[PDB]
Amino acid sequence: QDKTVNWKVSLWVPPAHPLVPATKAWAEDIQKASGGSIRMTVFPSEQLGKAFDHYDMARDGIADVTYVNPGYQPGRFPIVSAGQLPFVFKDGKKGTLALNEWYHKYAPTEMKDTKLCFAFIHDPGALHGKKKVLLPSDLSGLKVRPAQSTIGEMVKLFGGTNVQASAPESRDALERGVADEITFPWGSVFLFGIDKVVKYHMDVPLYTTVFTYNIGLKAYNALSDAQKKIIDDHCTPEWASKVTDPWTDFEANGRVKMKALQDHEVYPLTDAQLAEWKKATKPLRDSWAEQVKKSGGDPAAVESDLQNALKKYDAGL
């Protein structure tokens, strides 16, 4: 038998979040593959550290595996931020596979101080809140809790202000009144109790959040070659889908559930209103491209690679 391995996996979502049982099942299959030599415990609810610090927790050995939202740290990961632009993805499952295939090309530039396991997205989210927002300018003067740095840029472009908060901190920000509006996926509105705090919901696949699962290099490099192979075999597109597809399904189910509640107003946009949003969100691409160039990348090449992946997987809106 190999030297026994005991890993800690850190998440910043609660136990009822679909990623938690799915990640336990991933760990269980690794234990089965390794004949017991690799064991893990999954720590939800920020027990091991705050949401925003999860990349550094993997980098620095606080946890062996972490769930990361790169977009909680503005400017840190300019390439992966291409997936954060409004109106990119139509579907969580195919979008996860497209993002993962594309980003594995660039993760060695941008995430070289961890091992990237896989990248993924959520089912496209929506704008939820206390006001019936139809056009970009309706965010002017509103306080918005953005999902990631690109949505934060969008809020400022439209004359709102941001409320920086992680998913588990968002209900409290809305309840205290410091946020009027939130970009969130639909099932998570229920999971975090936000359905009791906001009643308006714009029925548009506005954006998604990009995520990574990151493994510490010291943790990985302490494995035997047989153990490394088992981890690598659990970091493939197959496993990106197995871990994240239940989350996609949960979030899409949330939208259908919300649309049946008589105390909520889930409203469509007109073609004219949606075009103002598509047209109005376009400047975010130049901001993205400038950040990539400043960090030493070629945004035209990075963007064409992502567009090719979207087309391959039929993942693009």
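Don't overthink the numbering: it's just position in the shown sequence, from 1.
Novice: Select between 161-169 and 104-112 the stretch whose C-alpha atoms have the higher average B-factor in the entry.
Specialist: If you average the C-alpha B-factors of 161-169 and of 104-112, the larger mean comes out for 104-112.
Novice: Would you tell me which stretch averages the higher CA B-factor in the PDB entry, 289-297 or 6-14?
Specialist: Higher mean C-alpha B-factor in the PDB entry: 289-297.
Novice: From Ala126, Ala82, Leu174, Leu135, pick the one with the largest CA B-factor in the entry?
Specialist: Answer for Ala126, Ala82, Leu174, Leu135: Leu135, with the highest C-alpha B-factor.
Novice: By the entry's C-alpha temperature factors, tell me which of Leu99, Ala226, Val189, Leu139 sits highest.
Specialist: The record points to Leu139.
Novice: Going by the entry, which third of its chain does the Cα temperature factor of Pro268 land in?
Specialist: Tercile = highest for this residue's CA B-factor.
Novice: Lowest, middle or highest third: where is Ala25 by C-alpha B factor in its chain?
Specialist: For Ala25, the deposited C-alpha B-factor lands in the middle third.
Novice: Determine, from the deposited record, the chain-internal third of the Cα B-factor for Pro70: lowest, middle or highest.
Specialist: CA B-factor rank for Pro70: lowest third.
Novice: Please place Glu276 in the lowest, middle or highest third of its chain by C-alpha B factor as given in the entry.
Specialist: It belongs to the highest third of the chain when residues are ordered by C-alpha B-factor.
Novice: Looking at the temperature factor on the CA atom of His54, which third of the chain's modelled residues does it land in?
Specialist: Ranked within chain, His54 CA B lands in the lowest tercile.
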